[PDB]
Enquirer: 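Could you have a look at this structure, given as structure tokens, before my questions?
Per chain, numbering begins at 1; letters A, B, ... match sequence-line order. Side-chain atoms are counted along with the backbone in the values below, which use heavy atoms only and exclude waters and symmetry mates. Atoms within each ligand, like the ligands themselves, are counted from 1 in listed order.
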Protein chains: 4
Amino acid sequence: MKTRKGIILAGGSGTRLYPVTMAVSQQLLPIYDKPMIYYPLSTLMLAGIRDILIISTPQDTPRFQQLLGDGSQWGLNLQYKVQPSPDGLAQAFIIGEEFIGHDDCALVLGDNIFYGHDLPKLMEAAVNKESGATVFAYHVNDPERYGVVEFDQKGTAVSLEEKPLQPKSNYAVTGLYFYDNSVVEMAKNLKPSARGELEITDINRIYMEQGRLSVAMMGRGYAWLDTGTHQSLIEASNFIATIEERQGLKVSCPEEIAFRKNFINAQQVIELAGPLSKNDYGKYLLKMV
Amino acid sequence: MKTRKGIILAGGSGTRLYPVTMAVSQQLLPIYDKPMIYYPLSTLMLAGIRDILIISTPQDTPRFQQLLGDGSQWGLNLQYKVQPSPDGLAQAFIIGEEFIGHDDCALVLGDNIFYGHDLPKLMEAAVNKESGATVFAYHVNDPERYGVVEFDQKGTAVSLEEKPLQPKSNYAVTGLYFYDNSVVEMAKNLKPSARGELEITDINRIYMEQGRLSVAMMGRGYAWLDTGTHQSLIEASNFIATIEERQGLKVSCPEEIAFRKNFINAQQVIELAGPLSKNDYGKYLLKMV
Amino acid sequence: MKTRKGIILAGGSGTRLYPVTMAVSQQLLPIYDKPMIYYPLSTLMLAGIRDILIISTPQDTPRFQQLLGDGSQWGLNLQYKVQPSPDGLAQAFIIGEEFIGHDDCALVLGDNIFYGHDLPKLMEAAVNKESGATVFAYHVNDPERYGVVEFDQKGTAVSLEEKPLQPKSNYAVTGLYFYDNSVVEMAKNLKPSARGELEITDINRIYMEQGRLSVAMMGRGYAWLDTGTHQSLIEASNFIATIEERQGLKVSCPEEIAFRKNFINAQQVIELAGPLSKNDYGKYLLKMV
Amino acid sequence: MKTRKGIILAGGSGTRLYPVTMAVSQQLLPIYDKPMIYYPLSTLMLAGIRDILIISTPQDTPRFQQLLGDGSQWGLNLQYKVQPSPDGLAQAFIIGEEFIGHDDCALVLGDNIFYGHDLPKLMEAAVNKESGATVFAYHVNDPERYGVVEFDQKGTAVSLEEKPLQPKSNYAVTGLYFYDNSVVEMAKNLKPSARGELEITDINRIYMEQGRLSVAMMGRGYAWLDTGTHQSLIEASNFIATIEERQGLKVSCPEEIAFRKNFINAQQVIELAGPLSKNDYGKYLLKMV
Ligand SMILES: O=c1ccn([C@@H]2O[C@H](COP(=O)(O)OP(=O)(O)O[C@H]3O[C@H](CO)[C@@H](O)[C@H](O)[C@H]3O)[C@@H](O)[C@H]2O)c(=O)[nH]1
Ligand SMILES: O=c1ccn([C@@H]2O[C@H](COP(=O)(O)OP(=O)(O)O[C@H]3O[C@H](CO)[C@@H](O)[C@H](O)[C@H]3O)[C@@H](O)[C@H]2O)c(=O)[nH]1
Ligand SMILES: O=c1ccn([C@@H]2O[C@H](COP(=O)(O)OP(=O)(O)O[C@H]3O[C@H](CO)[C@@H](O)[C@H](O)[C@H]3O)[C@@H](O)[C@H]2O)c(=O)[nH]1
Ligand SMILES: O=c1ccn([C@@H]2O[C@H](COP(=O)(O)OP(=O)(O)O[C@H]3O[C@H](CO)[C@@H](O)[C@H](O)[C@H]3O)[C@@H](O)[C@H]2O)c(=O)[nH]1
């Protein structure tokens, strides 16, 4: 089956970004012209996923609801669930067990921003994979900060380690994952790691050992914009601004993607444009159709 | 009397910045490494004002309270009051009548960012003025968007117009004002303009006609950053970021300002820095003391 | 035949960028960590093109030769020729007539900077096209400034205009072109335009009217960094720096491309690294092998 | 005597910046909208110095002369001299001995960028000093990279060390110095240091030991931009671009300075702005007068 459910994990207290995140959720922070979460949301929409569960903190979930509603305005079906404590990426599947049901599901971090050509085809295999899991590898300068995947000479991925002190490679596993239905029980069966979290890397290693993990390489022609510091956030906004102003197009605009993939029509677009017409956003949509 | 009370007017629905202000008050949005509200707050602190009333919309006032508390952590006394409808800048003095009492009071807009090494000195005269008012002029190339002050050959302020279609000068009257106690009665007597607002420019014209208006000039050593569009927000964040890292200092950091003006001591700075120490905002403070 | 010759047109006086370009040729200006010309040179190398003619002004041509030499150090064959006066892009084929001989040839502008995922594949049809020409269309905000290609409902390119006052579309024809051997005679018979230049757009319209022009779409996932203003130059440098620092990889590094495509071996790279080892460039190459 | 002569030391091979300095003199590289040399040149002009000697390498000197000419277009008198080998900053006084004659003279490095609203007043004292020397200190986080000046409790300069492994303070002695006529003979008596150069710090230590040294402090309102690496160059260009755009001015624009200090008149400004009018550098000047 094609993966048609997705979860955006957008919780966390954001201590690493204080004081900016003392009174605004990290995933609501603007990346130039739109909140951060519009980017990973766009990534799921580009993969054809329209049924999505958003997980956030007790305090932030209602702000995401206020921003997005049930998503029907974009031809989506959005649901929300609260994560009491940030216990690890894998907890997303426990919290989302009912939402997932017996289907396949993708997980994307609310702060995962991708930009690049052919992202839909980069994700196509993952979306259509019969069983197992797919993750994406990206070369970074500081592998120690991420889940790291090692490849042998044939170029086959043969190991995964979470924040290794001596990375076996410079390839980090990104915040976009595709899983089959077995991930739910797999997650419920995990024990906390040394840092007290249900590790996504433990989930991935299981799939790998059973030969069910596909590691899709995301080439250097793609940008995976970091959002870990005040500096990286402003560099992400400038990057997106440089692209949009030059092209006269927006990057990860849900309304545009919904329209282009026919989740909604021109008429619906014109309505959505109304409340946004005081700036380039609403005008952009009207000009579009 | 030295002006020792101040009001930060930080209401508004933020429609102009949608969708980034759909779930977030514009004044909580970050300008590089701190919430926008830290900027006008620092401006008042730099004038020696420690008793401050923050006004916002019903919905947003509690978020400002959660972010700032009563201000005692920085040696300030912050109180809060709500503005049900944005009836105009001058309504700040009606809502703040009880807070003001019989004292002089300054008003700063919550979305105004003032920068300038000599600003404290420039505000000194305004703080000490015995009666009347002081406003701050800044050269812009789009005067038609603001209150505009015209000067005669001698250099005396001769007229004030709110968004003149044919500006008489290129000097905008910025959102920082120091008034004597009579502004409250002036405000309570104003009638709404054509746009249905109690205008700050009408208040300023009254002081001008009584011969009690001083105009402080902010020359090219100053910056008054635009926060009106997605584009101006990133331009403002870029400005703060480049100046802080190239000049090795922090712009409008209340903890630093409170410490430097002795509102708080080194022990308190370290205590405040703890929760903020995962990034340079907190580490800078620890190094400072 | 596969296109195996290329021309980099890097002349012009650069008046648009004065006074920066009174002091340095535009194509020698740094785009973060390397001279601008390294970018279009990398593009040709990525297409497998190693036999290249560099055209510049009488004053600058020796500068490029000083920088690049004959390119043998990177397994290329670089030659130089002077363009007495900037009489138009098409003059490149007259100046390069002897160099081109009877072969196919690509033309890239010395200030053309592309960044994106599958560039080699995007150019593959062009490199292998039997006869005719191939150009690349990119969506921009200001088509008026470029050669514009209009598409009909079916998506077929139906017209080409050079800087139309009323663009028939928002697709600009970039500075990368692939031609068969017939372009030389077209160029020799072209009459100057209203502005007194031999227009590349007239050459392209000739191919188009013969039904021999392919228009390869460069999606919004690619960046075509503008280099026309002081502002666009720093946005380009920041864009590249953002990508490189995050990845720990360089964009358009000729030594790396030469090495990866086996134009040179590791031993060769070590020698090239020597004179560059005082900064990350030299160190990067050493680390690479 | 008022200091009326200045020397800009602009040699060196700039190997740390390869490959961008392979075919371009480092001081001809742009810092946003004008060549690097314009900055230290403006620093001298702001001190009222109009008789200037530019010293560079045998390959680069002619390029500066090509760009700047005799400086008469800006009411200056510029002359040039070649430094055969980079034997040290202090060699400037030997090479420039004939130029200096019996007068006082300032020395500024060709790659130092000084910014600050009060710099002119700050330099006024130095220009008027009857005898002795004035140097400029600036706080840095990496004092070990520069000449370092230590102050006692009183605030008196008590030691000077060139690149100390154990810095005695964090105040760097920047690349701007004002000397009386005794500096020439001091230079003739210097012996090369361990690194084989005539050190400016030995000269300054002599003045210090004779109790004839003044140290001007550049505090928070100043910026002293690093131009040593590819990264610092873009950081410096970002600083200039942001300050210029946000504050509506030009940093170190010789035409503007020449006009404002009455070195040239409005007609000459327009004439000079013509060739520069395709962009804002020229348009700003036209608007200025
Ligand atoms: O104790 C925790 C841990 C994470 N989070 C949140 O979950 C998201 C994950 O971010 P982060 O903690 O910085 O990622 P890491 O936990 O360091 O790494 C995970 O996410 C990386 C990027 O997606 C993967 O490379 C790693 O393999 C995976 O373990 C964020 O928005 C966090 O706020 C919390 O709230 N609390
Ligand atoms: O009743 C009100 C009116 C305004 N605001 C806020 O105040 C700021 C002011 O913005 P805006 O209303 O759009 O500015 P204008 O009212 O058009 O202009 C005012 O602010 C300018 C400087 O920013 C001055 O030059 C003008 O003279 C003055 O009238 C915003 O964040 C508003 O939301 C409130 O909170 N309540
Ligand atoms: O005789 C010439 C003409 C141009 N150039 C250089 O080529 C580049 C092109 O810039 P410019 O001359 O300003 O562009 P245009 O010639 O106005 O336009 C051309 O380049 C555009 C994309 O850059 C295309 O869209 C247009 O169709 C094509 O005609 C610059 O670095 C020029 O200096 C030369 O070296 N020699
Ligand atoms: O004989 C020489 C020596 C240097 N330079 C140039 O002068 C600048 C100085 O650069 P560099 O030699 O690398 O700096 P240092 O000599 O290490 O440091 C000097 O410059 C610093 C400020 O930039 C001061 O703090 C130090 O005290 C002073 O010794 C460069 O553009 C050089 O190419 C010359 O043109 N000729």
Enquirer: Mark up the atoms of ligand 4 that fall under 4.0 Å of a heavy atom belonging to D:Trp224, in ascending order.
Expert: 22 (C), 23 (O)
Enquirer: Who gets closest to atom 33 (O) of ligand 3 by heavy atom: C:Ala10, C:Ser25, C:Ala137, C:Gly11?
Expert: C:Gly11
Enquirer: Please list the nearest protein heavy atom to atom 23 (O) of ligand 4 with its residue and the distance rounded to 0.1 Å.
Expert: D:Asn112 ND2, 3.3 Å
Enquirer: Can you find a protein heavy atom under 4.0 Å from atom 14 (O) of ligand 3?
Expert: no
Enquirer: Looking only at distance, does C:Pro86 have an N or O less than 3.5 Å from an N or O of ligand 3?
Expert: yes
Enquirer: Hey, are A:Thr15 and B:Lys278 close enough side-chain-wise for a donor-acceptor pair under 3.5 Å?
Expert: yes
Enquirer: Any atoms of ligand 4 less than 4.0 Å from a non-hydrogen atom of D:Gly147? List them with their elements.
Expert: 25 (O), 26 (C), 27 (O)
Enquirer: Which protein heavy atom lies closest to atom 4 (C) of ligand 4, and at what distance to 0.1 Å?
Expert: D:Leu89 CD1, 3.7 Å
Enquirer: Heavy-atom pairs closer than 4.0 Å: do any link ligand 3 to the side chain of C:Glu161, the backbone, both, or neither?
Expert: neither
Enquirer: Locate the shortest heavy-atom distance separating C:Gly175 from C:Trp224; write the atom from each residue and the value.
Expert: N-CZ2, 4.0 Å
Enquirer: As an exercise, identify every atom of ligand 3 less than 4.0 angstrom from a heavy atom of C:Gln26.
Expert: 31 (O)
Enquirer: Could you tell me if any non-hydrogen atom of D:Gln27 lies under 4.0 Å from any atom of ligand 4?
Expert: yes
Enquirer: Where does D:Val173 meet ligand 4, judged by heavy-atom distances below 4.0 Å: at the side chain, the backbone, both, or neither?
Expert: backbone
Enquirer: Under a 3.5 Å cutoff, is there a donor and acceptor pairing between the side chains of A:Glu199 and A:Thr201?
Expert: no
Enquirer: For A:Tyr138, is the nearest heavy atom under 4.0 Å from an atom of ligand 1?
Expert: no
Enquirer: For C:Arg195 and ligand 3, answer yes if some heavy atom of the residue is under 4.0 Å from a ligand atom, otherwise no.
Expert: yes
Enquirer: Based purely on interatomic distance, does D:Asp111 place a nitrogen or oxygen under 3.5 Å from a nitrogen or oxygen of ligand 4?
Expert: yes
Enquirer: Looking at ligand 4, does any of its N/O atoms fall within less than 3.5 Å of an N/O of D:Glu162?
Expert: yes
Enquirer: Scan the protein's non-hydrogen atoms and note whether one is under 4.0 Å from atom 11 (P) of ligand 3.
Expert: no
Enquirer: What orientation do A:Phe136 and A:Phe114 show, parallel under 30°, tilted 30 to 60°, or perpendicular over 60°?
Expert: perpendicular
Enquirer: Which atom names give the shortest non-hydrogen contact between D:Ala236 and D:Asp226, and what distance separates them?
Expert: CB-O, 4.0 Å
Enquirer: When you compare ligand 4 with D:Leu109, is there at least one nitrogen or oxygen pair between them that comes in under 3.5 angstrom?
Expert: no
Enquirer: How does D:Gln83 reach ligand 4, if at all, at less than 4.0 Å between non-hydrogen atoms: by side chain, backbone, both, or neither?
Expert: side chain
Enquirer: Under 4.0 Å from a heavy atom of A:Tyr146: give me the atoms of ligand 1 that qualify, with their elements.
Expert: 25 (O)
Enquirer: Does atom 17 (O) of ligand 3 have a protein heavy-atom neighbour under 4.0 Å away?
Expert: yes
Enquirer: Would you call D:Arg16 a ligand 4 contact, heavy-atom distance under 4.0 Å?
Expert: yes
Enquirer: Regarding C:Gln26 and C:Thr21, do their side chains bring together a donor and an acceptor under 3.5 Å, going by distance alone?
Expert: no
Enquirer: Would you say ligand 4 has an N or O under 3.5 Å from any N or O of D:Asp87?
Expert: yes
Enquirer: Are the aromatic rings of A:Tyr179 and A:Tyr207 close, with centres under 6.0 Å apart?
Expert: yes
Enquirer: Is there a protein heavy atom less than 4.0 Å away from atom 36 (N) of ligand 3?
Expert: yes
Enquirer: Would you mind listing which atoms of ligand 4 come within a distance below 4.0 Å of any non-hydrogen atom of D:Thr201?
Expert: 27 (O)
Enquirer: For ligand 4, is any non-hydrogen atom under 4.0 Å from D:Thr57's backbone (N, CA, C, O), its side chain (CB onward), both, or neither?
Expert: neither
Enquirer: Could you tell me which atoms of ligand 1, counted from 1 in the order shown, lie closer than 4.0 angstrom to a heavy atom of A:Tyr177?
Expert: 23 (O), 24 (C)
Enquirer: Counting only heavy atoms, which portion of A:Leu9 has something under 4.0 Å from ligand 1: side chain, backbone, both, or neither?
Expert: neither
Enquirer: Does C:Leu198 offer a backbone N or O that forms a donor-acceptor pair with the side chain of C:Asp202 under 3.5 Å?
Expert: no
Enquirer: Before signing off on this row, confirm whether D:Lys163 and ligand 4 have an N or O atom pair separated by under 3.5 Å.
Expert: yes
Enquirer: I'd like to check whether D:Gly175 has a polar contact with ligand 4, where a contact means an N/O of the residue lying under 3.5 Å from an N/O of the ligand.
Expert: no
Enquirer: Answer yes or no for C:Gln91: is there a heavy-atom contact with ligand 3 below 4.0 Å?
Expert: no
Enquirer: If the contact criterion is a heavy-atom separation under 4.0 Å, does C:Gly88 count as touching ligand 3?
Expert: yes
Enquirer: Determine, stepwise, if the pair A:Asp111 / A:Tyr39 fulfils side-chain contact (heavy atoms from CB on, under 4.5 Å).
Expert: CA-CA 8 Å; A:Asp111 58 8; A:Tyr39 297 82; over 6 Å; no
